[PDB]
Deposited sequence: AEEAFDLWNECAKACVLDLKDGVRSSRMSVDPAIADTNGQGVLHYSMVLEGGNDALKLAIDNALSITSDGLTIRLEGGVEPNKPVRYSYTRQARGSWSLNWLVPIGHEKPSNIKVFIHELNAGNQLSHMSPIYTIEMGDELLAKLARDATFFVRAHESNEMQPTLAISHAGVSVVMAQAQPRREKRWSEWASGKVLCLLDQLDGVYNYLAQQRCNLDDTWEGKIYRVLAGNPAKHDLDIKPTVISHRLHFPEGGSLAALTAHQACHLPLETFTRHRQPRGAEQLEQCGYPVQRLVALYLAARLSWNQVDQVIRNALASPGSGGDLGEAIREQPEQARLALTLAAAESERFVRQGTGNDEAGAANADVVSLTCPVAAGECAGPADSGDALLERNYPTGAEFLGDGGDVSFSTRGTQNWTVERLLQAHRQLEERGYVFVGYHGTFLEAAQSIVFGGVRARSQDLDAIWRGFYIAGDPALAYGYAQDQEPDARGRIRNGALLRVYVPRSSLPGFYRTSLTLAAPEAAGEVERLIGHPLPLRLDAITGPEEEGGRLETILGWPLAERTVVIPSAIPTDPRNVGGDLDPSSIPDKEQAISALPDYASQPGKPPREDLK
């Protein structure tokens, strides 16, 4: 009849008659699994063969997949007015693997992941779609992990008696030895035994998982999932997140400024109490929203902040939000401004208003490759390029955070260990960066991101200095906070992969010099601004050196704390040389930079 048993009949191979209407199969999993006290991931998959190009499949009304031979459309979610929706353009003809991940555990994410693998004749994995995230809410996830129905119906088939062939249908579970960071990044692939080796190949680096998931245990619960041989295109791993109610730029900014998962902002129910969420996450999200709702163009951010701070009670909601957290506002608004500007310049089809609601495409970028590009279909999305950050190079010693009282749990000993780890991973020190506390948190944990800057376009980029004393001058608030006090900031150490050194140049000229622009372009071999390259030269005639990293290069830095403290009793004062640890000086010489263009 209408029913069939997916995991028993299609574990090897089945041919489903679709000529008489929809076919359905219950997918039941032992409830003891969804109720585990630990954490795990259920990986549901099946290979769709002949007939996979004229289908409308569904898991209850929670997830729908429409395949017409050209695209595979996905839509679903728990929220009734704005379905989460995605569309994957097929890159091949033939069989494809349908995959969805359901997390289990008490503090689990409230969404599922969905992805598609295209397979060649040899049954090898040839292409992989982006990893799509669909918000479900806690209760619906529980239902998807225990009892849901899989529906299959022919859709615009040209067959007189349509059929669908399915093979290797099944479900597995991986239990960790609560950590959910991999789930939101490219490392989610590292949790899936069925895809061993993919992350290493595409990210060009080992999974290097922390103990929790490193010691995972895998088990097939039903059916017989496939483990495809690889013949995959080197396309970087990507994620795509659709914001049905808009607010993507605000969420992206909050996630990058605060080091909070992007998907925390698309949750069905907002978490409460979380310190970083209440103090940074929601405030930053709201600030960007207010700016967008005020109908202000991003190129006026500096003046908007200046006016809000200069006149109490002015600016209304946005003005008050800014005055409430001056530096956090500057970080948030300049981050959003830079991303909106980039989005608009991606194509004539993008504008400032659209940047506010565009999907976010997150890329797992190899550190040695050239520039990190997303899928052809990502030109209409906000983009994030992810590389290893300081968060991975802090070593043991406890939680690190930034405060006026100094960097938490950070000592010379810890710095030396971190520096050695960086060397072992192929990184090299290129200088110091001084900044305010909130920016230090963003940069070290979330990674360096472009921010709008009020300076000539040709000189925009990430500013650092080999001399900690020059960077120290920037390590403080540039404007008093709500309580009218200029806080000391933090001094940070900036590293880059050694493979990036050939792109570092030096000049004897000061950047203000009229000959500067042309000379730097001659050295880097292309028009400014800087891209995967950098320039070092005197900050002024007879001055200390300053280094600018092009934003693409800045994004792949690893930034960690310096053991040189900022003096809370002398904010605005010069760095006292005796406060620099001798052992930190010993690991702070700078590389030999090129003084001529490449041959």
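Practice item. Go through the deposited sequence from residue 1 and tell me which stretches lack C-alpha coordinates, in order. Key: Unmodelled stretches: 1, 179-184, 607-613.
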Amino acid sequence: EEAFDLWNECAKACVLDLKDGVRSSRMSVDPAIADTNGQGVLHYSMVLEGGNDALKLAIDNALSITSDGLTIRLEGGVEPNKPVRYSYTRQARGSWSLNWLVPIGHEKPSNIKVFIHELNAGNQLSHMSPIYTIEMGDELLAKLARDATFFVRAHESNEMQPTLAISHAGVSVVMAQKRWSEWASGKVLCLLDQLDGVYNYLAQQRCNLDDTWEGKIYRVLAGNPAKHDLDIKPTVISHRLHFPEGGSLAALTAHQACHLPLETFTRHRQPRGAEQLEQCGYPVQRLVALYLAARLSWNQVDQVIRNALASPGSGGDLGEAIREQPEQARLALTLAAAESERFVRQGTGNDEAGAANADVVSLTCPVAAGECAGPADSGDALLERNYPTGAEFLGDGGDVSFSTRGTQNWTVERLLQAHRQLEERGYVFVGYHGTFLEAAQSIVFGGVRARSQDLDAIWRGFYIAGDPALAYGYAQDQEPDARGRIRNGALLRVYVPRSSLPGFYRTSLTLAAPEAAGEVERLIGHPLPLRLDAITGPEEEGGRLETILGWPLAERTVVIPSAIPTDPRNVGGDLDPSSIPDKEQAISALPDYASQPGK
From here on, numbers count along this sequence of modelled residues.
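Practice item. Identify the stretch, either 389-397 or 342-350, whose C-alpha atoms have the larger mean B-factor according to the entry. Key: It is 342-350 that shows the higher mean C-alpha B-factor.
Practice item. Determine, for stretches 435-443 and 503-511, which one has the higher mean CA B-factor as deposited. Key: Of 503-511 and 435-443, the stretch with the higher C-alpha B-factor average is 503-511.
Review point. Per the coordinate record, which of the options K227, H268, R90, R460 holds the highest CA temperature factor?
Key: Answer for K227, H268, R90, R460: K227, with the highest C-alpha B-factor.
Check your understanding: Which listed residue, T536, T566, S64, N37, has the largest C-alpha temperature factor in the record?
Key -> Highest C-alpha B-factor among the listed options: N37.
Point to revise | Chain third (lowest, middle, highest) by recorded CA B-factor, residue given as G21 | key: Answer is highest: the recorded C-alpha B-factor places it there.
Review point. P591: which third of its chain by C-alpha temperature factor?
Key: Within its chain, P591 is a lowest-third residue by C-alpha B-factor, going by the deposited values.
Review point. When the modelled residues of the chain are sorted by Cα temperature factor, does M136 land in the lowest, middle or highest third?
Key: Its C-alpha B-factor, which the entry lists for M136, ranks in the lowest third among residues of this chain.
Practice item. Would you check the entry's CA temperature factor for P561 and let me know if it's in the chain's lowest, middle or highest third? Key: Within its chain, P561 is a lowest-third residue by C-alpha B-factor, going by the deposited values.
**Study point:** Within-chain third of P31 by Cα B-factor, per the entry
**Key:** Highest third - that is where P31 ends up once the chain's C-alpha B-factors are sorted.
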